[PDB]
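Here are the chains, one letter per residue:
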Amino acid sequence: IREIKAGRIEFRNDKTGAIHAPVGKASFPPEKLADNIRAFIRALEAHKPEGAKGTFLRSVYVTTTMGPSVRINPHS
RNA sequence: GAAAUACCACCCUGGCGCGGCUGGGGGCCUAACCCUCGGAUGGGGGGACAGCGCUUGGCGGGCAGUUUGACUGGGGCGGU
């Protein structure tokens, strides 16, 4: 519950195979948004069930609430 | 209410837009090919077909080459 308050963000693919989560604030340092995007990269990557065959992380992006929507290459 | 609603995200059920891949089929030719003409190496009919080469799957006695056991007061049929 502690992390629920200090920083949490969970995972849960919805009906069609997708997840959503907070990985950086708006006015928040760029490098930061980067790092969190990352921690998510990882835990997600881990969750990756062994039932995957091929292009698993199909579409990975950053989009806001009411705003822009652009994919990100969590590689670089 | 099992869900909440703005406007921005991804993902599907379903139909239409367009584009790269490739599956299905319907039309005279034509120059390879075949038959060709009818008295000439030029004309004629057919022509991308089937002839034919190879690889494919399948009918398939017409053919080939084997096999279709031992016991048991014969063999076999009967038993086993």
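So, how was this worked out
Residues numbered from 1 in each chain as written, not as in the entry; some residues may be left out. Chains lettered and ligands numbered in written order. Part of a larger assembly, values for the part shown. Heavy atoms only, no water. Helix = DSSP H or I, 4+ residues; strand = E, 2+ residues; numbered from the N terminus. Buried < 20%, exposed > 50% of the residue type's maximum accessible area, 1.4 Å probe, protein only. Contact = heavy atoms within 4.5 Å. Areas by Shrake-Rupley, 256 points an atom, 1.4 Å probe, with all protein chains shown as cover. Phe/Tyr/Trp six-rings, centres within 6.5 Å; stacked < 30°, edge-to-face > 60°. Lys NZ or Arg CZ within 6 Å of the ring centre and 35° of its normal. Expected span 1.5 Å × (residues − 1). Arc of directions from axis to C-beta.

In the nomenclature of the PDB entry, chain A corresponds to 50S ribosomal protein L1 from the organism Thermus thermophilus HB8. Anyone opening this PDB entry will find it titled "Complex of Thermous thermophilus ribosome bound to BipA-GDPCP".

For the rest of this paragraph, the subject is the overall build of chain A. Counting its secondary structure elements, chain A contains 2 helices and 2 strands. Walking chain A from its N terminus toward its C terminus, one meets helices and strands in the order α-α-β-β. Seen through its C-alpha atoms, chain A measures out along the principal axes to roughly 40 × 30 × 25 Å. The proportion of buried residues among the 76 residues of chain A is 9%. Taking all contacts inside chain A whose residues are at least 6 apart in sequence as the whole, residues at least 24 apart take part in 23%. Per element, the accessible surface of chain A, about 6,900 Å² overall, is 56% carbon and sulfur.

Let us now look at the packing of aromatic side chains. With the rule as written, the count across this model stands at 1 aromatic pair. Aromatic pair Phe 11 and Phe 40: ring centres 4.7 Å apart, planes at 90°, arrangement edge-to-face. Linking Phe 11 in the loop between α1 (2-6) and α2 (30-47) with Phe 40 in helix α2, this pair joins segments that are 29 residues apart in sequence. Both residues of the pair, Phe 11 and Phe 40, belong to the buried class. Sitting over the face of the ring of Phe 28, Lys 32 holds its NZ or CZ atom 3.9 Å from the ring centroid.

Moving on, we come to α2. Between its first and last C-alpha atoms α2 spans 26 Å; for 18 residues at 1.5 Å apiece the expected length is 26 Å, and the two agree. Taken together, the buried positions of α2 are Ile 37, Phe 40 and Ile 41. Projection of α2 onto a plane perpendicular to its axis shows the buried side chains occupying an angular sector of 115°, all on one side. Exposed residues on α2 whose side chains face more than 90 degrees from its buried face are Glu 31, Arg 42 and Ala 46. Buried residues along α2 sit in contact with β1 (61-63).

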